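Position 1 is the first residue of the sequence, and the numbers go up from there. What you see below is based on every heavy atom in this structure, not just the backbone, and it leaves out hydrogens, waters and symmetry mates. Numbering of ligands and ligand atoms starts at 1, following listing order.
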Amino acid sequence: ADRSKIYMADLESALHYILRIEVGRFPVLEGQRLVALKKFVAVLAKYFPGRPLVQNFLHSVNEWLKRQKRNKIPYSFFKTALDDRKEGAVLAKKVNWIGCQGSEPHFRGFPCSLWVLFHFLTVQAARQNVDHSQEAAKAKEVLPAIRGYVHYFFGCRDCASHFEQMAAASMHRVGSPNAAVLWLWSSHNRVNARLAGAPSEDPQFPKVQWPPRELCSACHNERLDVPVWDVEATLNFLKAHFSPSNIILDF
Ligand SMILES: Cc1cc2nc3c(=O)[nH]c(=O)nc-3n(C[C@H](O)[C@H](O)[C@H](O)COP(=O)(O)OP(=O)(O)OC[C@H]3O[C@@H](n4cnc5c(N)ncnc54)[C@H](O)[C@@H]3O)c2cc1C
């Protein structure tokens, strides 16, 4: 795969994995886990960079949730809605990792696709006009939606505990779409720092403070008495990297 390229197969297997495996770990979707589910889905429908069918599917599922008056939705009930709207023909029946494929089955995979997805949502919401309060409010729900999803659905708790630590510590300081793009970007790099050279690291895919120079030379400053990262150059790299034009459609 290409490190500068994003594969639609990764983003789609992410949606398929989230809907079938992650939400399905809970027999009854209720309370706050349900609220977070609804918020995240609404974010997907609006910002996921999906093709025609995908976006139609997301909107339909999103409309189904909104209509559910029950304050408790058994997964059984939710599974039907996915089936009725045929998430199968829309996404796929099996996960398909490309840029997120690990040197071994237990490496990378979903977690990798979920970060990519989270970053894309942030960028998408920062690459859409938000000068209108109505949508400037929808853009504001991205990071919290992402926080809610991680807490209530993300598989490895080991993983959710470390994100939430960063979240509680400084997410309350993000005051704009680009600010959110950067927060998620640097929070992921903090995680990269913690996991670097760890025994669980994918040998073939060592952690680095991303993006590396080989990927974006203009992103790093040169002087040592100034920030390590040229935030402006980096932000521009992000919007370009996490954009529809950089997505390699799975034809
Ligand atoms: C919220 C969350 C918390 C996690 N916490 C832990 C944990 O505590 N312990 C543990 O073992 N695992 C944790 N994981 C898993 C871990 O972060 C990796 O996903 C995994 O180890 C696979 O790493 P990877 O090298 O394939 O790339 P990943 O880190 O999964 O990166 C996906 C890809 O996104 C890009 N990328 C890299 N850094 C950035 C960045 N800063 N900003 C934007 N894009 C970037 C690259 O193109 C890269 O190939 C967590 C995942 C999430 C989503």
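- Neither the backbone nor the side chain of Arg194 comes within 4.0 Å of ligand 1, counting heavy atoms alone.
- Close contacts between ligand 1 and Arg108 involve ligand atoms 22 (C), 24 (P), 26 (O), 49 (O) [criterion: under 4.0 Å to a heavy atom].
- Counting non-hydrogen atoms of other residues, nucleotides and ligands closer than 6.0 Å to CD of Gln204 gives a total of 12 or fewer.
- Considering both main-chain and side-chain atoms, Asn192 comes within under 3.5 Å of ligand 1 through a nitrogen or oxygen pair.
- For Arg3, no nitrogen or oxygen atom sits less than 3.5 Å from a nitrogen or oxygen atom of ligand 1, counting backbone and side chain alike.
- Nearest to atom 20 (C) of ligand 1 among the protein's heavy atoms is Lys207 NZ, 3.4 Å.
- For atom 16 (C) of ligand 1, the nearest protein heavy atom (residue, atom name, distance) is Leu195 CD1, 3.6 Å.
- Counting heavy atoms under 4.0 Å from ligand 1, residue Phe107 does not touch it at all.
- Counting only heavy atoms, the protein gets under 4.0 Å from atom 3 (C) of ligand 1.
- No more than 12 heavy atoms of other residues, nucleotides or ligands shown are found within 6.0 angstrom of CD on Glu232.
- Atoms of ligand 1 found under 4.0 Å from any heavy atom of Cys112 (numbered from 1 in listed order, with element): 19 (O), 30 (O), 32 (C).
- The side chain of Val191, and not its backbone, has at least one atom closer than 4.0 Å to an atom of ligand 1 (non-hydrogen atoms only; side chain from C-beta on).
- Ring centroids of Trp210 and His241 are separated by less than 6.0 Å, placing the two rings close together.
- A donor-acceptor pair is defined here as one N or O able to donate and one able to accept, closer than 3.5 Å; no such pair exists between the side chain of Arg108 and the backbone of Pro105.
- Shortest contact from atom 43 (C) of ligand 1 to any protein heavy atom: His119 NE2, 3.0 Å.
- Short contacts between ligand 1 and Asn189, defined as distances under 4.0 Å to a heavy atom of the residue, involve ligand atoms 41 (N).
- Residue nearest to atom 14 (N) of ligand 1, selected from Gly155, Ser200, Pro111, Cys159: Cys159 (by heavy-atom distance).
- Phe110 pairs in a ring-ring contact (aromatic ring centres under 6.0 Å, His included) with only one of the listed residues (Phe153, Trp115, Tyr17), which is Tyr17.
- When non-hydrogen atoms are compared, ligand 1 lies under 4.0 Å from the side chain of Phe154 (C-beta onward) but not from its backbone.
- For the pair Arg3 and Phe205, the cation does not sit on the ring face, since its NZ or CZ is not both under 6.0 Å from the ring centre and inside 45° of the axis.
- Contacts of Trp185 with ligand 1, taken as heavy-atom pairs under 4.0 Å, involve both backbone and side chain.
- Near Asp158, meaning under 4.0 Å from any of its heavy atoms, are these atoms of ligand 1: 7 (C), 8 (O).
- Among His188, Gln101, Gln204, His162, the residue whose heavy atom lies closest to atom 7 (C) of ligand 1 is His162.
- Because its NZ or CZ atom is not both nearer than 6.0 Å to the ring centre of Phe163 and within 45° of the ring axis, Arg147 does not count as a cation-pi partner of that residue.
- Contacts with ligand 1 closer than 4.0 Å are made by no heavy atom of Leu238, backbone or side chain.
- Of all the atoms in ligand 1, the ones that sit under 4.0 Å from a non-hydrogen atom of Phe205 are 25 (O).
- The shortest contact between atom 47 (O) of ligand 1 and any protein heavy atom is with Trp210 NE1, 3.4 Å.
- Atom 51 (C) of ligand 1 has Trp115 NE1, 3.2 Å as its closest protein atom, hydrogens excluded (heavy atom only).
- Ring-centre distance between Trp97 and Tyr7: not below the 6.0 Å cut-off.
- In this structure, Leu182 and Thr122 have side chains that are not in contact, with every pair of non-hydrogen atoms separated by 4.5 Å or more.
- No side-chain donor-acceptor contact under 3.5 Å links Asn71 to the backbone of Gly31.
- Listed by number with element, the atoms of ligand 1 under 4.0 Å from a non-hydrogen atom of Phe163 are 1 (C).
- Taking the centre of each ring, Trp185 and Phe118 stay at or above the 6.0 Å mark.
- Between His220 and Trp229, the ring center distance clears the sub-6.0 Å criterion.
- The distance from atom NZ of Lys5 to atom CG of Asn246, rounded to the nearest 0.5 Å, is 4.0 Å.
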